[PDB]
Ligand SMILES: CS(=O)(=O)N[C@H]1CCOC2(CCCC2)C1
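In the block that follows, a single chain appears as structure tokens, in the form solved without this ligand.
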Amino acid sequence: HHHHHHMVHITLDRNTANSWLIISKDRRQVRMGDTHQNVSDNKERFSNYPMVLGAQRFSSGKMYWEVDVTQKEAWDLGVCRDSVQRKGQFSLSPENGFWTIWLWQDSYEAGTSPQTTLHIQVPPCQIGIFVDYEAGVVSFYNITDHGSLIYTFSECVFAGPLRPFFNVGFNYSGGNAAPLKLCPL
């Protein structure tokens, strides 16, 4: 792909983070803590899952960023509406305002309803995410495999401003402690 020139500098929004997440000083890395991180509760924080939003809001244009997922067993990545539900149980689906892929139990899937199997021969260490607001497109790329396409959501109905979306996953296994990192341009 040739989307690299739409690169945007994404930072994480502490106020949206689940209370167990640890966001780095530069707001470019996040990992699951082993305990509550001593923050107050608020209506923005994801309560049920280890999720956080980027600070940036997009309502037009073309945007590209990359995320490092090295040595994680489980994660969700993509974009979501600014107005997604924060509290309680929900599924990641376009009907609920999410355009995401994930890793879980050694398989990769797109967050359609129901979920779609992905075909990845080279497990990615970094994921590229491209959003074309006007076209209604969200695409995912395997940076480890020379930028190969993973999945395209098309005919997207964003229905509001979009925010970068992240889930570091639980760490019940002791094998999923590694961070998500926003990679440099």
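Just count from 1 along the sequence shown to find any residue number.
> Can you tell me whether 87 to 95 has a higher mean C-alpha B factor than 73 to 81 in this record, or the other way round?
In the deposited entry, the stretch with the higher C-alpha B-factor mean is 87 to 95.
> Mind pulling up the entry and telling me whether 112 to 120 or 46 to 54 has the higher mean Cα temperature factor?
Mean C-alpha B-factor is greater for 112 to 120.
> Just grab whichever of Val138, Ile127, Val39, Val30 has the top CA B-factor as deposited.
It is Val39.
> Going by the CA temperature factor in the entry, name the top one among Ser173, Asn15, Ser19, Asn167.
Of the candidates given, the C-alpha B-factor peaks at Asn15.
> Looking at the entry's B-factor column for C-alpha atoms only, identify whether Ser148 ranks in the lowest, middle or highest third of its chain.
Its C-alpha B-factor, which the entry lists for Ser148, ranks in the middle third among residues of this chain.
> Among the modelled residues of its chain, does the C-alpha B-factor of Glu155 lie in the lowest, middle or highest third?
For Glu155, the deposited C-alpha B-factor lands in the highest third.
> Among all modelled residues of this chain, ranked by Cα B factor, put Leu180 in the bottom, middle or top third, i.e. lowest, middle or highest.
Ranked within chain, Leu180 CA B lands in the lowest tercile.
> According to the PDB entry, is the CA B factor of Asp132 in the bottom, middle or top third of its chain, that is, lowest, middle or highest?
Its C-alpha B-factor belongs to the middle third of this chain's values.
> Would you mind ranking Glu66 by its C-alpha B-factor against the rest of the chain and naming the third, lowest, middle or highest?
Answer is lowest: the recorded C-alpha B-factor places it there.
The following text describes the form deposited with this ligand bound, which does not appear among the structures shown.
> Report the residue, out of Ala55, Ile143, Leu118, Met32, that has at least one non-hydrogen atom within 4.5 angstroms of this ligand in the entry with it bound.
Result of the distance check: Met32.
> Can you tell me whether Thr16 touches this ligand? I mean in the entry with it bound, with a 4.5 angstroms heavy atom cut-off.
No, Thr16 is distant from the partner.
> Any of the heavy atoms of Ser47 lying within 4.5 Å of this ligand in the entry with it bound?
Result yes; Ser47 sits at the interface with this ligand in the entry with it bound.
> Would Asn171 count as touching this ligand in the entry with it bound under a 4.5 Å heavy atom rule?
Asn171: contacts this ligand in the entry with it bound.
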